[PDB]
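Engineer: First the structure, which I've put down as structure tokens, then a few questions once you've had a look.
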Amino acid sequence: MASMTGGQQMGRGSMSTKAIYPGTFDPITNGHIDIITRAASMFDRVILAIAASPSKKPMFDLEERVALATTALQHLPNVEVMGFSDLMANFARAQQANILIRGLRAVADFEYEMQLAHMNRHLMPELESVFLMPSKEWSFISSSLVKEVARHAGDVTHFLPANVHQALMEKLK
Amino acid sequence: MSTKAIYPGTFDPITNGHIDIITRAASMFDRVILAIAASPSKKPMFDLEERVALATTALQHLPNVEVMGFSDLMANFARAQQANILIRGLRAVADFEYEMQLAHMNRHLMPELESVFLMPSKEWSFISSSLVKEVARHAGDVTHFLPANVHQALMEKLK
């Protein structure tokens with residue numbers, strides 16, 4: 001019915017979905033891989049968006065981050081990896097995304113997540129935020145904590161894909 | 001291919017908050033069932049029949065949504081319905097903790113079922129069924145928070 005209407009996204013059934021999953025991914029962990037695997041199972045396309053210039057100086061640069069993720073996520077056909085240096089809503093808009101994946105680890109974060117969701121609704125109304133709990137197995141891990149365990153020689157082989165574990169050991173002499 | 005999501009709840013009764021959640025879910029998944037708990041441990045104002053009838057009318061305009069009672073383990077219901085997603089609205093910090101527990105249990109009971117969480121719109125971020133009832137019970141104006149059909153049925157219950 002194209003000559004009458006192009007269509008609306010609401011009240012008219014299911015629509016093509018394209019999700020961004022933004023983060024610093026410094027580096028990508030198995031907790032991250034789990035989230036995006038889950039989101040890629042239920043949305044048509046997912047983009048792992050890696051922040052170029054995070055406020056705190058990352059251990060891996062963008063080019064390293066992007067490469068490690070690419071490799072770690074290549075077995076998922078509907079996932080692509082991109083760096084970005086914008087608001088997550090502007091990137092979403094540029095990418096013609098309509099879904100924003102957010103991992104939801106801690107109670108302490110829930111307020112902030114809600115507030116950021118409200119900001120994003122104001123910024124890009126047609127962008128929907130969707131929240132995924134982490135697996136029980138990855139509930140206590142973070143990039144930051146894996147890096148600090150690793151610096152002081154703790155075993156983190158369980159928490160990382162192999163390519164990342166190797167890059168990480170190299171960073172730490 | 002197909003996504004089919006369950007949105008379970010007591011829905012005693014369905015509010016504008018719930019309607020926002022399911023409108024949003026039904027825009028992202030091919031089909032959505034509103035799943036209404038038959039026998040909540042606290043006895044509801046509206047019985048299952050009424051809760052279902054109300055919710056059906058409020059959601060009639062959504063072509064890929066269907067309202068159903070259920071009185072079994074949600075794992076079994078999702079499995080009976082060939083659902084592969086579970087939708088939860090997430091209003092409060094208090095409710096996050098509990099839903100994260102139920103989610104881990106659901107992962108044990110049904111690995112293939114993915115739990116998914118939406119935040120309420122700002123508009124509806126403070127309303128619950130319980131609160132609308134409380135306010136209405138002492139004659140407060142709650143017309144902004146319910147669809148007409150539910151509004152009239154609530155007024156009737158309180159008279």
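Letters for chains follow the order of the structure tokens (A, B, ...), residue numbers begin at 1 for each chain, and ligand numbers begin at 1 in the order shown.
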Residues of chain A within 10 Å of chain B: nearest atom pair and distance (Å, one decimal) for each, counting only C-alpha atoms, sorted by chain and number, as a Markdown table?
Structural biologist:
```
| residue | atom | partner | partner_atom | distance |
| --- | --- | --- | --- | --- |
| A:8 | CA | B:27 | CA | 9.9 |
| A:9 | CA | B:27 | CA | 6.5 |
| A:10 | CA | B:27 | CA | 5.8 |
| A:11 | CA | B:62 | CA | 5.3 |
| A:12 | CA | B:63 | CA | 6.5 |
| A:13 | CA | B:64 | CA | 5.5 |
| A:14 | CA | B:30 | CA | 4.7 |
| A:15 | CA | B:28 | CA | 6.1 |
| A:16 | CA | B:28 | CA | 7.7 |
| A:17 | CA | B:28 | CA | 6.6 |
| A:18 | CA | B:28 | CA | 9.7 |
| A:38 | CA | B:114 | CA | 7.4 |
| A:39 | CA | B:114 | CA | 9.1 |
| A:41 | CA | B:3 | CA | 9.3 |
| A:42 | CA | B:3 | CA | 6.6 |
| A:43 | CA | B:28 | CA | 8.0 |
| A:44 | CA | B:1 | CA | 8.8 |
| A:98 | CA | B:28 | CA | 9.1 |
| A:99 | CA | B:28 | CA | 8.6 |
| A:102 | CA | B:117 | CA | 9.7 |
| A:104 | CA | B:117 | CA | 9.2 |
| A:105 | CA | B:100 | CA | 9.4 |
| A:106 | CA | B:97 | CA | 8.8 |
| A:107 | CA | B:93 | CA | 6.4 |
| A:108 | CA | B:93 | CA | 8.6 |
| A:109 | CA | B:93 | CA | 9.3 |
| A:110 | CA | B:93 | CA | 6.4 |
| A:111 | CA | B:93 | CA | 7.4 |
| A:113 | CA | B:119 | CA | 8.9 |
| A:114 | CA | B:119 | CA | 6.6 |
| A:115 | CA | B:122 | CA | 9.4 |
| A:117 | CA | B:119 | CA | 7.7 |
| A:118 | CA | B:122 | CA | 6.8 |
| A:121 | CA | B:121 | CA | 8.6 |
| A:128 | CA | B:24 | CA | 8.0 |
| A:129 | CA | B:118 | CA | 6.9 |
| A:130 | CA | B:118 | CA | 5.5 |
| A:131 | CA | B:117 | CA | 4.8 |
| A:132 | CA | B:116 | CA | 5.8 |
| A:133 | CA | B:100 | CA | 7.0 |
| A:134 | CA | B:100 | CA | 9.2 |
| A:135 | CA | B:104 | CA | 7.6 |
| A:136 | CA | B:104 | CA | 6.9 |
```
Engineer: As a list in words, which residues of chain B does DSSP assign to strand (DSSP E)?
Structural biologist: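 DSSP-assigned strand (DSSP E) residues in chain B: residues 4, 5, 6, 7, 8, 9, 31, 32, 33, 34, 35, 36, 37, 65, 66, 67, 68, 69, 70, 85, 86, 87, 88, 89, 114, 115, 116, 117 and 118 of chain B.
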Engineer: So the first atom is CA of residue 31 in chain A and the second is CA of residue 141 in chain A; what is the distance between them in Å, to one decimal place?
Structural biologist: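 The value is 7.1 Å.
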Engineer: Using the chain letters and numbers from this document, which residues of range 61-148 of chain A does DSSP assign to alpha helix (DSSP H), as a PyMOL selection string?
Structural biologist: chain A and resi 62-72+88-95+107-123+143-148
Engineer: I need the chosen residues saved as an mmCIF file, in the first residue's frame, with C-alpha atoms.
Structural biologist:
```
data_model
loop_
_atom_site.group_PDB
_atom_site.id
_atom_site.type_symbol
_atom_site.label_atom_id
_atom_site.label_comp_id
_atom_site.auth_asym_id
_atom_site.auth_seq_id
_atom_site.Cartn_x
_atom_site.Cartn_y
_atom_site.Cartn_z
ATOM 1 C CA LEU A 62 40.206 1.932 19.507
ATOM 2 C CA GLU A 63 41.868 0.068 16.644
ATOM 3 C CA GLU A 64 42.879 -2.697 19.141
ATOM 4 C CA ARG A 65 39.446 -2.797 20.776
ATOM 5 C CA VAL A 66 37.679 -2.984 17.395
ATOM 6 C CA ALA A 67 39.976 -5.760 16.163
ATOM 7 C CA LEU A 68 39.671 -7.953 19.259
ATOM 8 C CA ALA A 69 35.867 -7.696 19.256
ATOM 9 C CA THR A 70 35.599 -8.331 15.495
ATOM 10 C CA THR A 71 37.527 -11.583 15.964
ATOM 11 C CA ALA A 72 35.621 -12.566 19.103
ATOM 12 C CA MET A 88 24.953 6.730 21.567
ATOM 13 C CA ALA A 89 21.707 8.250 20.211
ATOM 14 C CA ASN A 90 23.442 10.155 17.358
ATOM 15 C CA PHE A 91 25.320 7.005 16.360
ATOM 16 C CA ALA A 92 22.056 5.082 16.582
ATOM 17 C CA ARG A 93 20.467 7.714 14.338
ATOM 18 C CA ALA A 94 23.329 7.643 11.823
ATOM 19 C CA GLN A 95 23.120 3.838 11.745
ATOM 20 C CA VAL A 107 21.225 -2.395 41.463
ATOM 21 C CA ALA A 108 23.552 0.576 41.941
ATOM 22 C CA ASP A 109 23.298 1.228 38.170
ATOM 23 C CA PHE A 110 19.499 0.919 37.758
ATOM 24 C CA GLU A 111 18.742 4.598 38.495
ATOM 25 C CA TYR A 112 21.463 5.785 36.095
ATOM 26 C CA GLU A 113 20.222 3.385 33.412
ATOM 27 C CA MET A 114 16.669 4.652 33.762
ATOM 28 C CA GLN A 115 17.883 8.267 33.572
ATOM 29 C CA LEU A 116 20.014 7.620 30.497
ATOM 30 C CA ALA A 117 17.021 5.879 28.913
ATOM 31 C CA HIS A 118 14.887 8.970 29.492
ATOM 32 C CA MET A 119 17.587 11.184 27.957
ATOM 33 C CA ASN A 120 17.759 8.910 24.920
ATOM 34 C CA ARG A 121 13.957 8.936 24.566
ATOM 35 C CA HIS A 122 14.164 12.727 24.518
ATOM 36 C CA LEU A 123 17.061 12.631 22.034
ATOM 37 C CA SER A 143 36.745 -5.365 32.024
ATOM 38 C CA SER A 144 38.202 -3.289 34.899
ATOM 39 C CA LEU A 145 38.291 -6.231 37.342
ATOM 40 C CA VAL A 146 39.693 -8.733 34.826
ATOM 41 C CA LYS A 147 42.500 -6.237 34.025
ATOM 42 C CA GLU A 148 43.446 -5.799 37.701
#
```
Engineer: Any idea what's packed within 7 Å of residue 84 in chain A, counting only C-alpha atoms, ignoring anything in its chain fewer than 3 positions away? Could you give it as a PyMOL selection string?
Structural biologist: chain A and resi 49-52+91
Engineer: Calculate how many Å separate CA of residue 19 in chain A from CA of residue 113 in chain B, rounding to one decimal.
Structural biologist: 19.4 Å
Engineer: Mind dumping a table of every range 7-27 of chain B residue within 12 Å of range 131-142 of chain B, with the nearest atom pair and its distance in Å to one decimal, using only C-alpha atoms, sorted by chain and rising number, as CSV?
Structural biologist:
```
residue,atom,partner,partner_atom,distance
B:11,CA,B:133,CA,11.9
B:12,CA,B:133,CA,9.1
B:13,CA,B:133,CA,8.8
B:14,CA,B:132,CA,10.4
B:15,CA,B:132,CA,8.6
B:16,CA,B:142,CA,10.7
B:17,CA,B:132,CA,11.2
```
Engineer: Between CA of residue 33 in chain A and CA of residue 126 in chain A, what is the distance, to one decimal in Å?
Structural biologist: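 Those two atoms sit 26.1 Å apart.
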Engineer: Using only C-alpha atoms, can you tell me which of B:21, B:75, B:57, B:10 comes closest to residue 41 in chain B?
Structural biologist: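 Closest candidate: B:10.
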Engineer: My list of candidates is A:7, A:103, A:23, A:161. Which is closest to residue 48 in chain A when distances are computed with only C-alpha atoms?
Structural biologist: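 Of the candidates, the smallest distance to residue 48 in chain A is held by A:23.
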Engineer: So that I can check the surroundings of residue 53 in chain A, please list as a list in words every protein, DNA and RNA residue that reaches within 9 Å of it, counting only C-alpha atoms and ignoring chain neighbours fewer than 2 positions away.
Structural biologist: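 Final neighbour list, sorted by chain and number: residues 24, 51, 55, 56, 57, 58, 61, 62, 84 and 85 of chain A.
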